[PDB]
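Quick setup: one chain, the form deposited in one PDB entry, written in structure tokens, and binding and motion questions come after.
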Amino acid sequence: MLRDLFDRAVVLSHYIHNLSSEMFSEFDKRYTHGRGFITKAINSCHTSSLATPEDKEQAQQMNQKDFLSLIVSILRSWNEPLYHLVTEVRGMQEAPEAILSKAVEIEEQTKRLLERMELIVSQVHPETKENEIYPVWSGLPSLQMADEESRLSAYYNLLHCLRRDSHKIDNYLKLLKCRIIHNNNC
């Protein structure tokens, strides 16, 4: 039953984006406010190499099956950095409690969203290609660096990229909900 899955997918996605957003802010206000970290954030996202729609018209031009697989690849691709984000932060001596609680919730909710999406794929395209080809993140040594300025900016990009991708996923789900269930008459 599509309508219940989508509703729940979009509740999760919007919640995840909201948390990524507040996490990035809180990290910024209390670690990077004073510096040019934003200028170092440019082009730094492990998913940028995927072919993603950048506007409503590209979104519309995109085959539905491919669009869904795209959301799946993006989410699969974030399992790994979210895991190390939580691990690294939790392992700190005096770890920022508001930042850590978001990261943990995002980590858990991302998994659940991926299940709802998997359920959606196998309902809407039941004879699908069963092939992972998501982009690899391999930024763990930079989170682990001892040069504190370099560390803070690896983190900054990670949170900056998480805020973007969580937004994007959320928006793409809304497009697909409207197209699949409502023929674009939401």
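Residue indices: 1-based, along the sequence shown. In this text, the rigid core denotes the largest set of C-alpha atoms whose superposition between the two forms falls within 1.5 Å. Shifts are known only where both forms have a C-alpha.
- Residue-level annotation: residue 91 lacks coordinates in a third or more of the other entries compared, counting only those that model residues on either side of it.
- In at least a third of the other compared PDB entries of this protein that cover both flanking sides, residue 127 is left without coordinates.
- The PDB entry reports B-factors from which the mean C-alpha value can be compared for 46-54 and 124-132; the larger average falls on 124-132.
- On average the C-alpha atoms of 21-29 have higher B-factors than those of the other stretch, with 8-16 and 21-29 being the two compared.
- Of the candidates 38, 161, 154, 70, the deposited coordinates give 38 the top C-alpha B factor.
- In this PDB entry, residue 88 carries a Cα temperature factor that places it within the middle third of its chain's modelled residues.
- Annotation for residue 115: CA B-factor lies in the middle third of the chain's modelled residues.
Just so it is clear, the following notes concern the form deposited in another entry, a form of the same protein that is not shown.
- Taking the core as reference between this form and the one not shown, the lone member of 38, 152, 119, 145 whose Cα moves by 2 Å or more is 38.
- A movement of the C-alpha atom of residue 89 falling short of 2 angstroms is seen between this form and the one not shown when the two forms are aligned on their rigid core.
- Figure legend: C-alpha atoms of residue 93 and residue 85, shown here, are separated by at least 3 angstroms less in the other form.
- Between the C-alpha atoms of residue 93 and residue 157, a gap narrowed by no less than 3 Å is obtained in the other form, as opposed to the form on display.
- When the two forms are overlaid on the core, consecutive residue runs of 3+ whose CA positions all differ by 2 Å or more between this form and the one not shown map to 33-43, 92-95, 182-186.
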